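Student: pasting the first chains of the complex, positions unchanged:
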Amino acid sequence: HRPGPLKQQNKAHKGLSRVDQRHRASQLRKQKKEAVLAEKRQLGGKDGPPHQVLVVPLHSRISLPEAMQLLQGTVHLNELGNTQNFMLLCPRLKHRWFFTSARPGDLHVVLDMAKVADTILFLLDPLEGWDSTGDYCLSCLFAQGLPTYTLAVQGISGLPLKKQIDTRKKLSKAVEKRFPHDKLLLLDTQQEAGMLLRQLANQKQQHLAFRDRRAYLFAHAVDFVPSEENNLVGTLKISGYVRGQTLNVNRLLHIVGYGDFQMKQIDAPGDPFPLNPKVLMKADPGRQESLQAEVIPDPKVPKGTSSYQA
Amino acid sequence: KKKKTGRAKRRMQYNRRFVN
Amino acid sequence: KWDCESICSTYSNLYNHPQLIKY
């Protein structure tokens, strides 16, 4: 309702120095650089665990033994039933490597060796980007979580020269639908192998949150001492570098393919592969040590009368 | 089907707007 | 004597509780 002229309306009565900034920026820069230097010094140095690298060839045309021959300082070649994963020491470059390799399609091999790896090196062929098996492995590896990765190609120099440049051109485009801003290193010769090793040692590391909150381990050696051989159940001695966090014996130890287990002792023998060339650490107190308690520990009518008229 | 692109699409648009 | 709405008063909510982890 809008009042008109006969209603009383009264109009309202209106009524740091340059040097101090420079010094402060220098202080903050010194803080950031010392934090970064400590974190980059931890991985792959003398006071830290080896740089563990997973080599995955993403095509069937890629000759993996050629590439792992190019990648191998001194080479201490640990060797298994079919796989050859070796330690590399480069004291000139002051850095320690453990190279494993795995073929795509073998799911648990690549998924375990990619959930302990610091670097993943994907091998490529010059003509096609990847295979169908490589694409499946890429989907699984992206889904699980990628660490730092580098893309290396193997057959560019084998092609005739007049196509090589534009071959690489197409290759980059073929890569860019999944790896958008990534440099395609060429791995053909020993000099390029050294360049790749240098690029792998100095590169910023992607930190995966799950494995960084948890103490994990990759077995370099394993031995079995059975209590009774016919019982097929005995003590297991697993030897490797602690990677994720400080390791406490009072905690349950989950082996990935075989469930959680109770661990009883941690010994610290000599480091078999130091960068520059029997004491038991902690035994389990049978009181604060956690137990495997997954499930709750507490266990007048006539004969013909119908139902209506009744 | 496929659409014409470039000069042909503008020709189509011109014939559609003024010719018919 | 029952229907789909009254029989809901029959069901109890105090037997199979999971064991609670406290803060």
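Tutor: Arrived safely, thanks for sending. Numbers count the residues shown, from 1 in each chain, chains lettered A, B, ... in the order given.
Student: Walking through chain B, point out its helices one by one.
Tutor: Taking DSSP state H, the helices of chain B run over residues B:7-14.
Student: Next, the buried residues of the host helix or strand of residue A:143.
Tutor: Using DSSP states H and E, residue A:143 maps to helix A:132-144. Residues A:133-134, A:137-138, A:141 are the ones in helix A:132-144 that count as buried (16 or more other C-beta atoms under 10 Å in any protein chain shown). Using the backbone N, CA and C atoms, a C-beta is placed for each residue, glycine as well.
Student: what's the farthest-apart pair in those?
Tutor: Maximum pairwise distance among the buried residues of helix A:132-144 (C-beta to C-beta): 12.2 Å, between A:133 and A:141.
Student: quick one, phi/psi of residue A:149?
Tutor: The phi/psi pair for residue A:149 (degrees, to the nearest 10) reads phi -140, psi 150.
Student: hmm, I was thinking of residue C:9
Tutor: Phi and psi for residue C:9, reported as degrees, to the nearest 10, are phi -70, psi -10.
Student: residues near it, how many?
Tutor: The tally of other residues near residue C:9 (other C-beta atoms under 10 Å in any protein chain shown) stands at 8.
Student: re the thing from before, right, and out of the buried residues of helix A:132-144, which lies closest to residue A:110?
Tutor: Distances from residue A:110 to the buried residues of helix A:132-144, taken by C-beta to C-beta, are shortest for residue A:137, at 5.9 Å.
Student: how much space between the nearest residue to that closest one once chain neighbours are set aside and residue C:9?
Tutor: In space, residue A:137 comes closest to residue A:104 once its chain neighbours are excluded; the distance is 3.4 Å by C-beta to C-beta, 6 or more residues apart in numbering or on different chains. Between residue A:104 and residue C:9 the distance is 59 Å, computed by C-beta to C-beta, to the nearest Å.
Student: ok, now residue A:141?
Tutor: Counting by C-beta to C-beta, the gap from residue A:141 to residue C:9 is 54 Å.
Student: Residue A:178 too?
Tutor: On the measure of C-beta to C-beta, residue A:178 and residue C:9 end up 58 Å apart.
Student: Now do the same contact list for residue A:141.
Tutor: Applying C-beta atoms under 8 Å, 6 or more residues apart in numbering or on different chains, we find residue A:141 in contact with A:56, A:110-111, A:114, A:120.
Student: Repeat the analysis, applying 6 Å as the threshold.
Tutor: residue A:114 (C-beta atoms under 6 Å, 6 or more residues apart in numbering or on different chains).
Student: Let's add chain D too:
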Amino acid sequence: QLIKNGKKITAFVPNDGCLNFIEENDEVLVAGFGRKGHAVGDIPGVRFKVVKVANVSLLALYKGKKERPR
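Tutor: Below, chain D sits with the chains from the block before:
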């Protein structure tokens, strides 16, 4: 929380489907909402929108053009 200065902000995601590409502790590239520094005329008190998660755009993720790693 912004990388270069540690400042906390609140950023906008285009819809509900794009929110599942975004996870805790992931690195995200953020732009302004769009009116040169003003907030939203429909939504109170938000000024920034998410443009990339894990170095891939939300538009490529939503349209299925690219996958993101974890």
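Student: The contacts of residue A:141 again please, chain D included this time.
Tutor: When contacts are counted by C-beta under 6 Å, 6+ apart, residue A:141 touches residue A:114.
Student: Could you do residue A:105 as well?
Tutor: Residues in contact with residue A:105 (C-beta under 6 Å, 6+ apart) are residue A:133.
Student: And it, how far from chain D?
Tutor: To chain D, residue A:105 is 19 Å away according to C-beta to the nearest C-beta, to the nearest Å.
Student: Let's see the helix holding residue A:143 as CSV, backbone CA atoms only.
Tutor: The C-alpha trace of helix A:132-144 is given here as CSV (Å, rounded to 0.1, in the frame of the first residue of the first chain):
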residue,chain,number,x,y,z
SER,A,132,47.4,-52.3,-26.0
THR,A,133,49.1,-54.1,-23.2
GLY,A,134,51.0,-50.9,-22.5
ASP,A,135,47.8,-48.9,-22.5
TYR,A,136,46.2,-51.4,-20.0
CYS,A,137,49.3,-51.1,-17.8
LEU,A,138,49.1,-47.3,-18.0
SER,A,139,45.5,-47.3,-16.9
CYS,A,140,46.3,-49.5,-13.9
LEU,A,141,49.4,-47.5,-13.0
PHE,A,142,47.7,-44.2,-13.2
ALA,A,143,44.9,-45.5,-11.1
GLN,A,144,47.1,-47.0,-8.4
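Student: from the chain's centre, how far out does that helix sit?
Tutor: 14 Å (C-alpha atoms, centre = their mean, to the nearest Å).
Student: repeat for stretch A:220-235
Tutor: 29 Å.
Student: Would you mind listing the buried residues in that stretch?
Tutor: Across stretch A:220-235, burial judged by 16+ other C-beta under 10 Å covers residue A:220.
Student: what's it in contact with?
Tutor: If you take C-beta under 6 Å, 6+ apart as the criterion, stretch A:220-235 is touched by A:236-240.
Student: And stretch A:291-310, by the same measure?
Tutor: With C-beta under 6 Å, 6+ apart, stretch A:291-310 has contacts from residue C:19.
Student: tally of neighbours for the closest residue to residue A:264 other than its chain neighbours?
Tutor: Take residue A:264 and drop its neighbours on the chain: the residue closest to it by C-beta to C-beta, 6+ apart is residue A:284, 4.8 Å away. Residue A:284 has 17 neighbours, counted by other C-beta under 10 Å.
Student: Can you verify my assumption that residue A:284 contacts residue A:249?
Tutor: Yes - proximity of residue A:284 to residue A:249 meets the contact threshold set by C-beta atoms under 6 Å, at 4.6 Å.
Student: Let's add chain E too:
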Amino acid sequence: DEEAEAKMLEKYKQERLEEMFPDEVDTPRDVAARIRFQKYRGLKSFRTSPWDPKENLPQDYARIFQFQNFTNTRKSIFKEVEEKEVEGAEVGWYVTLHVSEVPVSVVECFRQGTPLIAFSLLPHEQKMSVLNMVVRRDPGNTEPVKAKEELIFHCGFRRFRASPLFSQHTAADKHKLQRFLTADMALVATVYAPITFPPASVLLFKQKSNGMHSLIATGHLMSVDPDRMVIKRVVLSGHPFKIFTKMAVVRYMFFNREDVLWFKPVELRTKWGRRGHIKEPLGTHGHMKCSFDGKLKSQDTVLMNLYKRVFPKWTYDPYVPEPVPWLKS
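Tutor: One more chain to add, chain E, which I have set with the ones above:
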């Protein structure tokens, strides 16, 4: 051999029926509709109407654990792993671990060369509980997945087999069951599994006939609580064959007479929006008189929703068979 093809075609037709008509169930012409649907109820509004989370829990919930406050407990554990300093083998140290009771087979596994890794669990991470864990669908695989078939779960360094429950990923208090894994959007899989603190990645695999594991989904562990209820929905459809002004006679939704009395208080809805109530049974054949808020069309289909809380099945198997190397079909 060919019976697998028969079951495959049956699953394809059932998936197409589900994506066409969501949860429509034909009323059993033989068994009474208050016997098949005895453990069902009707909700006025699916979102706002209440439901007791502790009501009528199964025997399996007697076996699992639950967090009073999961967020604060997780914050406490993450704080005491990032801040404190426990006396143990430090990072980078080459140790040997004496672990108590391990089968011999693991050792022989190392002897062909398979990687053998281990990790240390946080507190409460061995106990079983309910994992609510969000997954989409990988577009390489288009074969159907029903709700409670076995699947292989890769969840945060752990690998196991279970029968999930597929639920809608929404913001409401209770979440509707999805009878299939729909291949366009993000769903939730509910599993009996050991506790894991998020983040963790999810990789859903389906074991194939030739030994390969086909990848069907990808995602993250969202929460650890058995208080998330999955709500199975059953849609019963009748036909309004006699139409009056704001009143109709509906048949074929029920067949016994006291079935209409049993499901009387549940409200009704039509495919063109009209709501209403059952007034009274007509008799002996399940015909009913229903009062609606408007006039009806001759092609209308009256329908009714019944809701029952479902829980997953305890098929937690910590053993996953090794694949054969995957190749494209």
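Student: same question on the buried residues of stretch A:220-235, but now with chain E added
Tutor: Neighbour-count burial for stretch A:220-235 flags A:220, A:222, A:224, A:234-235 (criterion: 16+ other C-beta under 10 Å).
Student: And the residues you listed, which is closest to chain D?
Tutor: Comparing the buried residues of stretch A:220-235 against chain D with C-beta to the nearest C-beta places residue A:220 closest, at 27.2 Å.
Student: Check the gap between that closest one and residue A:280 for me.
Tutor: Distance from residue A:220 to residue A:280, by C-beta to C-beta: 19 Å.
Student: do the same with residue E:46
Tutor: Residue E:46 is 61 Å from residue A:280, by C-beta to C-beta.
Student: Have a look at those two and say which one is more surrounded.
Tutor: Neighbour count, other C-beta under 10 Å: between residue E:46 and residue A:280, residue E:46 has more, with 16 against 12.
Student: Helix, strand, or coil at that one?
Tutor: Using DSSP: H, G, I helix; E, B strand; the rest coil, the structure places residue E:46 in coil.
Student: Would you map the helices across chain D?
Tutor: Under DSSP H, chain D gives helices at D:58-62.
Student: For it, give the residue positioned nearest to chain C.
Tutor: Residue of chain D nearest chain C, by C-beta to the nearest C-beta: residue D:24 (20.6 Å).
Student: what number of residues lie near that residue?
Tutor: Neighbours around residue D:24, by other C-beta under 10 Å: 8.
Student: Chain neighbours aside, what residue packs nearest to it?
Tutor: Nearest residue to residue D:24, sequence neighbours excluded (C-beta to C-beta, 6+ apart): residue E:199, at 6.2 Å.
Student: Surely the one you found and residue A:209 touch.
Tutor: Yes - contact criterion C-beta under 6 Å: residue E:199 and residue A:209 qualify, at 5.4 Å.
Student: the more surrounded of these two?
Tutor: Neighbour tally, residue E:199 and residue A:209, criterion other C-beta under 10 Å: the higher count belongs to residue E:199, 19 against 16.
Student: Okay, and the more buried one sits in which element?
Tutor: Going by DSSP H and E, residue E:199 is not in any helix or strand.
Student: Residue E:5 too?
Tutor: Per DSSP H and E: helix E:2-20 holds residue E:5.
Student: any idea which helix or strand comes after that helix?
Tutor: helix E:33-36.
Student: do the helix or strand that that following helix is followed by and chain C meet?
Tutor: Later in the chain than helix E:33-36, the nearest helix or strand by DSSP H and E is strand E:65-67. Yes - applying C-beta under 6 Å from any C-beta of the partner chain, one finds strand E:65-67 touching chain C at E:65-67.
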